[PDB]
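J.: Quick one: structure below, then a few questions.
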Amino acid sequence: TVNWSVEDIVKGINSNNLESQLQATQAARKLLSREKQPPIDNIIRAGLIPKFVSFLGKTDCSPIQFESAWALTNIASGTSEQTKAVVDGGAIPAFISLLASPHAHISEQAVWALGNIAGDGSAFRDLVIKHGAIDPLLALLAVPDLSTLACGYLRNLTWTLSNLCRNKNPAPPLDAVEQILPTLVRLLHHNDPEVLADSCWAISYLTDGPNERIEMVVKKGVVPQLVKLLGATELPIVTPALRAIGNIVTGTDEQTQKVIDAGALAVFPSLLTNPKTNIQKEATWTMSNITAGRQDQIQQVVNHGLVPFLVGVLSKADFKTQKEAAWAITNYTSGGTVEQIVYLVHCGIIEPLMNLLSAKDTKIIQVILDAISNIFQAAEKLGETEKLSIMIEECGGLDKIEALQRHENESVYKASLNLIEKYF
Amino acid sequence: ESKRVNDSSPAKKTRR
């Protein structure tokens, strides 16, 4: 069955001979499983999808069920048009029926195929749900101890469930999410790094939404386990755990407090210095949403020693991370007490804040100018606007603020004329 | 109010 032409495949599949059909279907599976440019479109154009779908129902011939499930999985793994071809052939209910197969390799292949279909987007995700995929998928995981399942099998099930949680506009149906969540909570406590990664991905999808969606997850009590995973040595686990945590702190002050209460801030010295740029960026974004909170939450950032780390990232990091750090500072100075703001200055925030005013990015300039105005307002309550002015002049900051008067964007030049006119 | 919303898991996988 190695390297058949599509023509030969079609000839075998159209024979009236189940064993010839099986050999031809296996040949198609092998063509479709090759590394360079599997001929998906040629297979579709040859009209083979409906035949493959009909073979999924051949309970009397489990091998042709497996070969066809694998072939269709690989077509469904392609472009949206290729996945559509599979759905249009009636594959969804046929795959759901195979979830009950007594052959674990066939059940697993149906799980995989449904994952690709759901992974296409919200419409197919929702269509898979409407055809009734969730109940039988979850039934495969209803065992006293997940460790008794084959590892590859459990990984595929977790990945497919994660795709049922994925995508927005719209988000998945609330009742589907409520149905899946208890199983996800259990997977988040499993000891396999790929299951943990995909479970965290699932949770990151579910929390990427308005406070009602975040609340559904938070009330299941998973925040402490997410915080534990945030400290994993495996980057593929840290990345989604951090995205999930970052999503949660975009919600209410009370939701944000659960993240703090669970000990998340103790991990941030490491995250804010992580050698992976994207982790530092996401960690700083998360910090910016925490400093946007209440004064008692800003105080926790202070107590955990995180202000020096924010000064660090502002001083030296990838520019996108520096931009998140600027936001973290503007939010802090906007919501913080006078004493908290004084502390920020004492940690050395001014010089690196001023250095960033050379940035070729009008948004970060607006943000920094806002922060400076906030700091001056605190300085006023203390009658110390003069010490701050000298600090800004000393590190070359005044040179930068005056230049910004000649800035194209209207918001920059106004904000900075104000600073010059009032404090310099 | 001052909150700002926002290496991936693949959406589709081919069995090789």
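Chain labels follow the order of the structure tokens: the first chain is A, the next B, and so on; residue numbering restarts at 1 in every chain, and ligands are counted from 1 in their shown order.
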Would you kindly return, as number ranges by chain, each protein, DNA or RNA residue with an atom no farther than 9 Å from any atom of stretch 191-203 of chain A, considering only C-alpha atoms and excluding same-chain residues fewer than 4 positions away?

T.: A: 147, 151, 154-159, 161-166, 181, 184-185, 187, 207-208, 217, 226, 229, 234, 236-244; B: 8-9

J.: Neighbouring residues of residue B:6 were defined as those with any atom within 10 Å, considering only C-alpha atoms; residues of the same chain fewer than 6 positions away were excluded. Please report them as a ChimeraX atom specification.

T.: /A:208-209,243,246-247,250,282,285-286

J.: Return as a list in words the residues belonging to chain A that are within 6 Å of chain B, counting only C-alpha atoms.

T.: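 Result: residues 33, 74, 77, 116, 119, 250, 289 and 292 of chain A.
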
J.: Work out how far apart atom CA of residue A:353 and atom CA of residue A:402 are and give it in Å to one decimal.

T.: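 Computing the Euclidean distance for atom CA of residue A:353 and atom CA of residue A:402 yields 15.3 Å.
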